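J.: Attaching a single structure in structure tokens format; questions to follow.
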Amino acid sequence: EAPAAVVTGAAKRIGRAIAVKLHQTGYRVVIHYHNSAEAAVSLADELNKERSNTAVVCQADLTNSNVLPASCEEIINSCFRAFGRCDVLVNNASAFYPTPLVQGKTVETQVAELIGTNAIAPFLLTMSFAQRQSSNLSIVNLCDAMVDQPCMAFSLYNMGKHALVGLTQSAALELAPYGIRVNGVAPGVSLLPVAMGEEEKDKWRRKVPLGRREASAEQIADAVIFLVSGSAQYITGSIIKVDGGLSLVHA
Amino acid sequence: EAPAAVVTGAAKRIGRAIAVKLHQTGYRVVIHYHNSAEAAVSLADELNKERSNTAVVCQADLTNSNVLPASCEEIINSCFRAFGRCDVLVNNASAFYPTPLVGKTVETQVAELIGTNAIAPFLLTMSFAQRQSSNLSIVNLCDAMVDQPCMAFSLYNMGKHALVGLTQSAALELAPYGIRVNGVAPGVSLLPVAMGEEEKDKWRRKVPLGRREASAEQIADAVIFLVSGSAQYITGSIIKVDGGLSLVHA
Amino acid sequence: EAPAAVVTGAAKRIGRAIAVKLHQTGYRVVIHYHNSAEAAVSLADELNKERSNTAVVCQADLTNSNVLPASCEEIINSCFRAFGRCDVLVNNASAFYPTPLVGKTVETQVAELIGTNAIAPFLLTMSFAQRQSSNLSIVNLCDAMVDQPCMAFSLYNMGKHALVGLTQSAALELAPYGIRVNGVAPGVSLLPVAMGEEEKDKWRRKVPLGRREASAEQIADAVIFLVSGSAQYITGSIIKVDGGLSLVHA
Amino acid sequence: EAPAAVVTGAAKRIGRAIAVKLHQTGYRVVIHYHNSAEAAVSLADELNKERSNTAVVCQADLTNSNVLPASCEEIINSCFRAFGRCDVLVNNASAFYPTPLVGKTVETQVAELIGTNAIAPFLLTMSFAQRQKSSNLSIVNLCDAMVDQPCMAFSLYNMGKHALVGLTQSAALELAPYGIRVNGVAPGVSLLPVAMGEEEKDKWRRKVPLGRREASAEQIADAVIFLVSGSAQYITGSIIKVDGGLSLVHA
Ligand SMILES: NC(=O)c1ccc[n+]([C@@H]2O[C@H](COP(=O)([O-])OP(=O)(O)OC[C@H]3O[C@@H](n4cnc5c(N)ncnc54)[C@H](OP(=O)(O)O)[C@@H]3O)[C@@H](O)[C@H]2O)c1
Ligand SMILES: NC(=O)c1ccc[n+]([C@@H]2O[C@H](COP(=O)([O-])OP(=O)(O)OC[C@H]3O[C@@H](n4cnc5c(N)ncnc54)[C@H](OP(=O)(O)O)[C@@H]3O)[C@@H](O)[C@H]2O)c1
Ligand SMILES: NC(=O)c1ccc[n+]([C@@H]2O[C@H](COP(=O)([O-])OP(=O)(O)OC[C@H]3O[C@@H](n4cnc5c(N)ncnc54)[C@H](OP(=O)(O)O)[C@@H]3O)[C@@H](O)[C@H]2O)c1
Ligand SMILES: NC(=O)c1ccc[n+]([C@@H]2O[C@H](COP(=O)([O-])OP(=O)(O)OC[C@H]3O[C@@H](n4cnc5c(N)ncnc54)[C@H](OP(=O)(O)O)[C@@H]3O)[C@@H](O)[C@H]2O)c1
Ligand SMILES: Cc1ccc(-c2c[nH]c3nc(N)[nH]c(=O)c23)cc1
Ligand SMILES: Cc1ccc(-c2c[nH]c3nc(N)[nH]c(=O)c23)cc1
Ligand SMILES: Cc1ccc(-c2c[nH]c3nc(N)[nH]c(=O)c23)cc1
Ligand SMILES: Cc1ccc(-c2c[nH]c3nc(N)[nH]c(=O)c23)cc1
Numbered sequence: 002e003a004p005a006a007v008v009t010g011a012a013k014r015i016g017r018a019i020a021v022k023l024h025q026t027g028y029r030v031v032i033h034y035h036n037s038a039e040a041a042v043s044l045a046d047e048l049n050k051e052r053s054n055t056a057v058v059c060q061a062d063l064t065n066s067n068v069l070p071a072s073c074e075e076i077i078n079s080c081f082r083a084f085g086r087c088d089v090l091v092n093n094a095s096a097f098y099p100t101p102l103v104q113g114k115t116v117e118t119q120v121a122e123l124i125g126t127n128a129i130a131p132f133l134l135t136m137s138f139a140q141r142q151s152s153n154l155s156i157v158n159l160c161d162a163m164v165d166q167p168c169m170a171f172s173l174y175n176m177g178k179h180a181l182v183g184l185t186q187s188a189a190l191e192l193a194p195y196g197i198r199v200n201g202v203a204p205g206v207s208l209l210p211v212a213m214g215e216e217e218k219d220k221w222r223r224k225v226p227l228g229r230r231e232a233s234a235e236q237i238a239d240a241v242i243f244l245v246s247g248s249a250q251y252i253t254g255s256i257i258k259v260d261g262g263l264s265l266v267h268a
Numbered sequence: 002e003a004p005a006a007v008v009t010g011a012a013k014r015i016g017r018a019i020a021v022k023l024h025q026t027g028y029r030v031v032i033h034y035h036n037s038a039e040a041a042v043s044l045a046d047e048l049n050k051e052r053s054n055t056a057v058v059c060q061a062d063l064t065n066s067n068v069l070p071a072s073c074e075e076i077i078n079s080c081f082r083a084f085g086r087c088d089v090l091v092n093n094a095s096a097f098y099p100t101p102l103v113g114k115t116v117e118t119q120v121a122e123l124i125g126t127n128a129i130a131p132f133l134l135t136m137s138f139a140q141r142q151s152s153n154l155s156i157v158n159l160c161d162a163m164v165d166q167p168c169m170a171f172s173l174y175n176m177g178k179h180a181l182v183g184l185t186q187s188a189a190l191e192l193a194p195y196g197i198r199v200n201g202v203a204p205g206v207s208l209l210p211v212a213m214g215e216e217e218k219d220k221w222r223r224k225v226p227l228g229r230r231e232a233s234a235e236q237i238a239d240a241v242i243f244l245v246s247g248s249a250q251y252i253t254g255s256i257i258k259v260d261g262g263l264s265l266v267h268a
Numbered sequence: 002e003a004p005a006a007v008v009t010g011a012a013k014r015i016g017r018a019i020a021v022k023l024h025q026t027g028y029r030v031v032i033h034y035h036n037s038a039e040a041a042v043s044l045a046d047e048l049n050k051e052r053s054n055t056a057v058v059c060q061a062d063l064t065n066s067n068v069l070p071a072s073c074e075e076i077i078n079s080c081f082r083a084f085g086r087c088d089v090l091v092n093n094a095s096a097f098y099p100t101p102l103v113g114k115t116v117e118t119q120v121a122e123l124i125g126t127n128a129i130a131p132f133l134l135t136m137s138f139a140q141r142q151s152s153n154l155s156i157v158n159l160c161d162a163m164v165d166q167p168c169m170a171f172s173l174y175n176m177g178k179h180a181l182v183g184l185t186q187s188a189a190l191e192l193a194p195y196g197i198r199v200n201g202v203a204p205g206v207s208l209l210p211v212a213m214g215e216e217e218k219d220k221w222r223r224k225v226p227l228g229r230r231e232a233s234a235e236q237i238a239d240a241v242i243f244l245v246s247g248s249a250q251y252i253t254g255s256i257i258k259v260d261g262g263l264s265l266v267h268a
Numbered sequence: 002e003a004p005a006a007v008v009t010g011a012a013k014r015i016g017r018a019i020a021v022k023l024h025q026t027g028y029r030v031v032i033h034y035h036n037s038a039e040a041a042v043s044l045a046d047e048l049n050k051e052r053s054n055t056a057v058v059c060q061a062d063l064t065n066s067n068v069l070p071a072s073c074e075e076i077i078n079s080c081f082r083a084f085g086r087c088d089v090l091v092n093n094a095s096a097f098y099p100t101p102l103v113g114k115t116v117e118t119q120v121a122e123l124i125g126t127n128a129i130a131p132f133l134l135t136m137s138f139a140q141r142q143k151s152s153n154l155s156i157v158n159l160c161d162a163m164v165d166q167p168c169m170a171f172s173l174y175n176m177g178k179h180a181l182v183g184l185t186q187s188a189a190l191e192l193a194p195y196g197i198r199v200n201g202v203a204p205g206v207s208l209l210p211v212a213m214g215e216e217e218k219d220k221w222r223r224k225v226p227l228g229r230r231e232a233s234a235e236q237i238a239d240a241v242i243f244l245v246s247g248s249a250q251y252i253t254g255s256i257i258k259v260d261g262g263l264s265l266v267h268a
């Protein structure tokens, strides 16, 4: 019987690439999304056309609130409801925007969205994943290769991603006895933002030593599939940079 | 006249030591506290008896919530209302207890542990910076053991990791204003009052330098250095004060 | 036609498993060795029996000395002599023993520990680069415990740190030629051959993931990944393969 | 009576500032140098004119060789010969130049860059510890804040400074039971090379978040003085960046 994976924010871009590559490898998938309903359903349609009854969608806001634990518990539940098991969790969903320290959304909302999606939701999903559990169980957290050389005015986002590194490490430690491995993949510049202009995209491209280009979504996904695979059976607590050398380059 | 500092969680233990040492250096201080009202007020008395009009208290819960931004703004304000300036911020207040992955609801655990260790420091940093030769700086109390965390302390460790990110991000962003941002990372210091000596001693034996915990004063020494004129080029730095504990393999 | 790889210290244990998996994946291999001539020869014989003339041996001392650059150049030359190309370099050979601060001379200890773990990797990297659809890469066998080192292993640990520096510096510098440079960092793998099981168990008990040492094959799996087409954007990265060992506090 | 310190490469620049501040603090000092004899002697004259019999010079090449252990032992011995004790060792001397991967031989590059930056510090540390067989004994290694974002084509120099981090950690661990603390100070840009032109200096200056300028030698020295002081008695294995935020800056 085929294993199953939850991928958060899987409707587009890197999350979709991850869900697609897991599915190609044999997995049944829960494609979680927040606002991108059409794209999520369109992906599940494609995957199910390849293998019937192997993809479902699951909608949730991963902003921090007092109900976030329930929402995270329900995402995991949806995987057991559809597929009878949950082998893999990939924490990919993420809010990303500037939050300058010195002077739209209130700061309360900024905290809730940036820390919720990048850190607290991954924590709650990890709790729920673990509580529901031979086989090959693991979690992969999408981290950021540039956490120690952050973008200017992205403190909350950066705090969130640092917290995600602590979760990766703390959860690797605590869940090791249950056979659940916990690891990360840390992109540098991969698929650039949709709203970014081509000139600014090129400025970022020229900073990458290996090939002067951004990582493809498939390149990020490749690292994810390695860590979930049997070829990574002794690996836990590890974060693999997939950044083409970007984090090595001084100002 | 004399510079002013806010120290969060300053009524006892390390925060008290820090407040006292800053006061001894010539600072006026805002003693923030949450539940330890008697100790805070008694500390303010002692400091004011030493030098008049150099200490006040400010109570606040630093648990994350929709009112935390206001609370943090008011802590910073209390320094300007009392002293007319705010030169140093020390983010010391911290919740610490296990939150296993398998009485408090989990959402309360999140709020307390991520609030006190990370979000409150961010919000105080915002308010500090907005309200601004001078020697302005922030010192965050981090943890030397963040990469080898205590078992079942996920949320606490996430909080201290986020604090490292804030230290770096704020160092970068506030550098144009001359505000330095740094950390001090204890290993074992003091030990919990509720811990029995037998368990205390197991920890002491782990420390290479002396087989003892740090005194609060030793932690405070590092904070004093970072706020001083002898650290004017230092920002984004985290100084371990751990007697080598983080270097010791399992 | 088939790509080719140099694996240093490939006659036994982890380096042997690396060479075997590389060969299994389709590479022709240079099995470098120092003392273990029978095992190296026997391995090349095994691999050549599988596929004709897909393995050769190359002996060299990788201790630092005035002849080390020439020896390293000749290792790379041996790959081109045998196979007409050199796609992959795996710096695996390593001396490992204590060098307390307080019957080899210290200058010999320096030469062996720093030479095998760092200088030879550098010299091999130079020679590999100078000699250059294409998937060119280097993988350095680092150490997950480099920041929590064994007591009295300062020169070894210095070597392994220098090897991290080389991994990063070379990733940057060689990126414009399409040569990727990465590492794999074991925690405990295999354990020493003569170590009593009761001592082995003390180490095993420390590993969170399964309370056991890694197999040689599990380390090799990571190397295969880094050399593969699935890692073609990965450079300057060091993958721990340690079962969580480096996360465990004292 | 007055404690004594050895500062390597102390005739000029940062090592000179260190020696001076140690002396202003009450230490007697061994001014080690290699080629800068006139400067070393001039500094010893200035210090002794301030307080007679409190400075000596000591010449040694710290290039790696089979006699490097003897040279390092003699440096420490010279402090004991002059002053009867050796309380502080500051490993400051350092060769620095490019060694690309693709007039000096490579064996000479290796010996100089790895010798000065790493092996000599190890040997000096050994000899310091062994001679210790009322006091605040410690070692301070001059590291580099940019070791993880290294200058292009500086691999041997970078390998040296990384080994120096490992030494700092390994020796802190091993020497702790003897009451000897071992720490580091990690500049980013300080002073700038004497060779460097005004335009190129300003280019580097502009990179620094805190003040858009290089650190003074005295600013580096301040941190060294802190680490040797009674205010750092629980600090060992710590490396303090003194870089004005430079290492936080992405490409
Ligand atoms: N792109 C890069 O260069 C890069 C660089 C460094 C790190 N990373 C990391 O790699 C991962 C993927 O990057 P990406 O660029 O593909 O991400 P992205 O497009 O920015 O975000 C992925 C998804 O996050 C979901 N999301 C955002 N806010 C949410 C909320 N409040 N609740 C629930 N879901 C929410 C969105 O779902 P809907 O669209 O369904 O609303 C979105 O599709 C992220 O974890 C990211 O931080 C990426
Ligand atoms: N002790 C150690 O060994 C050690 C080790 C590593 C890092 N550190 C760090 O060093 C710092 C000081 O350590 P410590 O042992 O002195 O701390 P602590 O005694 O655990 O706590 C310091 C203070 O934090 C305040 N606090 C807790 N929850 C709060 C809330 N919800 N809102 C506002 N304030 C709250 C408390 O104030 P009230 O008492 O007034 O309620 C408490 O006195 C902390 O940041 C800690 O994480 C300490
Ligand atoms: N095993 C572990 O738990 C562990 C942990 C952390 C890191 N690592 C790293 O993983 C790698 C492989 O580990 P391992 O345990 O398999 O290593 P090992 O058995 O200790 O050594 C590997 C080989 O290194 C070669 N070697 C030693 N001195 C040499 C010299 N002077 N010149 C040339 N070659 C020399 C030897 O070749 P001959 O036999 O032919 O003389 C030896 O078979 C090493 O880089 C190691 O540091 C291993
Ligand atoms: N300057 C910076 O921006 C910067 C940045 C990062 C790190 N650092 C570190 O801080 C320390 C001091 O920096 P710096 O710019 O002041 O250093 P420097 O001027 O480049 O070199 C310091 C001294 O090293 C000695 N030295 C060089 N080769 C030697 C050899 N073979 N044997 C013995 N001694 C030798 C020289 O002594 P003689 O003059 O007597 O020949 C020289 O005065 C160094 O460790 C450096 O790596 C500096
Ligand atoms: C140039 C450029 C633009 C964006 C990123 C980026 C980093 N982390 C992110 N997390 C989310 N969720 N989405 C993103 O787009 C990014 C990195 C470099
Ligand atoms: C044995 C032992 C006990 C406690 C600590 C400790 C770490 N971080 C902390 N943060 C707060 N706020 N309070 C604490 O007490 C601690 C570490 C080791
Ligand atoms: C108990 C125990 C024994 C050895 C190791 C070990 C670490 N690094 C090593 N490098 C080489 N070359 N050979 C080794 O054997 C080791 C780790 C733990
Ligand atoms: C622009 C610029 C120039 C030099 C440095 C520098 C780094 N590490 C060094 N070590 C020694 N010994 N001497 C140096 O001068 C430097 C850094 C930035």
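Chains as they are written, first to last, in PDB author numbering: chain A, 2 to 104, 113 to 142, 151 to 268; chain C, 2 to 103, 113 to 142, 151 to 268; chain B, 2 to 103, 113 to 142, 151 to 268; chain D, 2 to 103, 113 to 143, 151 to 268.
The C-beta atom is built at its ideal place from N, Cα and C for all residues, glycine as well.
1) Looking at the secondary structure, which residues open and close the alpha helix (DSSP H) in which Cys73 of chain B lies?
2) Of all the CB atoms in chain C, is at least one closer than 8 Å to the CB of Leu154 of chain D?
3) Suppose you measure from the CA of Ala268 of chain B to the CA of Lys13 of chain C; what does that come to, to the nearest Å?
4) Just verifying my parser: in three-state terms, what is the DSSP assignment at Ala11 of chain D?
5) Using C-beta distances below 7 Å, list every residue in its chain close to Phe243 of chain A, excluding the 5 sequence neighbours before and after it, in chain order.
6) Of all the options B:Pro226, B:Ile252 and B:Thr253, which has the alpha carbon lying nearest to the alpha carbon of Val259 of chain B?
7) Is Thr253 of chain C close to chain D? Criterion is C-beta to C-beta, closer than 8 Å.
8) List in chain order the residues whose CB is within less than 6 Å of at least one heavy atom of ligand 8.
9) At a threshold of 7 Å, does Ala240 of chain A count as lining ligand 1 (C-beta to nearest heavy atom)?
10) Entirely within the region 5-66 of chain A and at least 4 residues each: give me those alpha helix (DSSP H) ranges in chain order.
11) What are the residues in the region 155-178 of chain B lying within 8 Å of chain C by C-beta distance?
12) Report buried or exposed for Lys178 of chain D, applying the criterion of at least 16 other Cβ atoms within 10 angstroms of its Cβ.
13) For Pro131 of chain A, which three-state DSSP category applies?
14) Under 6 Å Cβ to Cβ from residue 279 of chain B, same chain only, skipping five residues before and after it: list those, please.
15) Going along chain B, which residues have a C-beta under 7 Å from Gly261 of chain A?
16) Would you identify the three-state DSSP class for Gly201 of chain A, choosing helix, strand or coil?
17) Nearest to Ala38 of chain A by alpha carbon, out of A:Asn65, A:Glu51 and A:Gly10?
18) Beta strand (DSSP E) containing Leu90 of chain C: first to last residue?
19) Are the C-beta of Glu122 of chain C and some C-beta of chain A separated by less than 8 Å?
20) What residues from chain C crowd round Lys258 of chain D, counting only those whose CB sits closer than 8 Å?
T.: On the basis of the data shown:
1) Per DSSP, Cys73 of chain B belongs to the alpha helix (DSSP H) from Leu69 to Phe84.
2) Closer than 8 Å: no.
3) Their backbone Cα atoms lie some 28 Å apart in a straight line.
4) Note: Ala11 of chain D maps to coil in three-state DSSP.
5) Within the same chain, and ignoring the five residues on either side of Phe243 of chain A in sequence, the residues whose Cβ sits closer than 7 Å to its Cβ are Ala249.
6) Nearest option by C-alpha distance: B:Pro226.
7) The Cβ of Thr253 of chain C sits closer than 8 Å to at least one Cβ of chain D.
8) After applying the 6 Å Cβ criterion, the set is D:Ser95, D:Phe97, D:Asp161, D:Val206, D:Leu209, D:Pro210 and D:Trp221.
9) It does not: the Cβ of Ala240 of chain A is nowhere closer than 7 Å to a heavy atom of ligand 1.
10) You should have 14-25 and 38-51.
11) Cβ contacts with chain C: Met163, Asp165, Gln166, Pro167 and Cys168.
12) Buried, because 16 or more other Cβ atoms sit within 10 Å of the Cβ of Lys178 of chain D.
13) DSSP, read as helix, strand or coil, puts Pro131 of chain A in helix.
14) Nothing about residue 279 of chain B can be read from this structure; chain B reaches only from 2 to 268.
15) Within chain B, the residues near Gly261 of chain A are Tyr251 and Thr253.
16) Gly201 of chain A: strand per DSSP, three-state reduction.
17) Measuring from the Cα of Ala38 of chain A, the nearest candidate turns out to be A:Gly10.
18) First-last of the beta strand (DSSP E) with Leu90 of chain C: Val89 to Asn92.
19) Using a CB distance cut-off of 8 Å, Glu122 of chain C does not count as an interface residue toward chain A.
20) Within chain C, the residues near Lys258 of chain D are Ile252, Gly254 and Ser255.
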